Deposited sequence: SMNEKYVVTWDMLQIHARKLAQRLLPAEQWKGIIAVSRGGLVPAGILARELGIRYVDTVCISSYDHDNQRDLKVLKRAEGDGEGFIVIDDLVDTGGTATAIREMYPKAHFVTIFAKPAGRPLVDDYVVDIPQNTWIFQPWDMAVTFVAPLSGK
């Protein structure tokens, strides 16, 4: 039911993905799927040496802001593809991009080129930006 993503695991997954995206010279840039794609974008950008980073912001679908063009030469990175509503729109608007995510649930999974971790459709994922390291009582209260 619950899946907890720590910062160190997200980075491990993002670095695994960056290794698959070598060589860096094949890319013009990275488009982050906001807000969830910002952290994995920053990690891929650091690993690949890519300084051209842009965003697409999707909120009944509303586009708040988008990077221009059809995605040719670009990585488009998400943290999670879930229902496939956002992934459908991204795959459609950037048809020539290499569309990657860290996490894929089944409804989103076949709409990306690549993902690192499969998660069941009904699992509640907590990303690192949703959590804090806090005191936790012994589970037994003893």
Sequence ranges without modelled C-alpha atoms (deposited numbering): 1-3, 63-70
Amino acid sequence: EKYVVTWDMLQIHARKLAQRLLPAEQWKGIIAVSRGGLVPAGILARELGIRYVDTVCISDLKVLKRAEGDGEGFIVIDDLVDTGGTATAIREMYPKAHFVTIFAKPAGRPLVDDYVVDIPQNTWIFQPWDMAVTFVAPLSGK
From here on, numbers count along this sequence of modelled residues.
Comparing 39-47 with 85-93, the one whose average Cα B-factor in the PDB entry is higher: 85-93
Between 1-9 and 132-140 (mean CA B-factor, as deposited), the higher: 1-9
C-alpha B-factor winner, where the candidates are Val53, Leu64, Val112, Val76: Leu64
Ranked C-alpha temperature factor of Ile125 among modelled chain residues, by third: highest
Chain third (lowest, middle, highest) by recorded CA B-factor, residue given as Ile119: highest
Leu80 - which third its CA temperature factor falls in, relative to the rest of the chain: middle
Ranked C-alpha temperature factor of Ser34 among modelled chain residues, by third: highest
Chain thirds of CA B-factor: placement of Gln26: middle
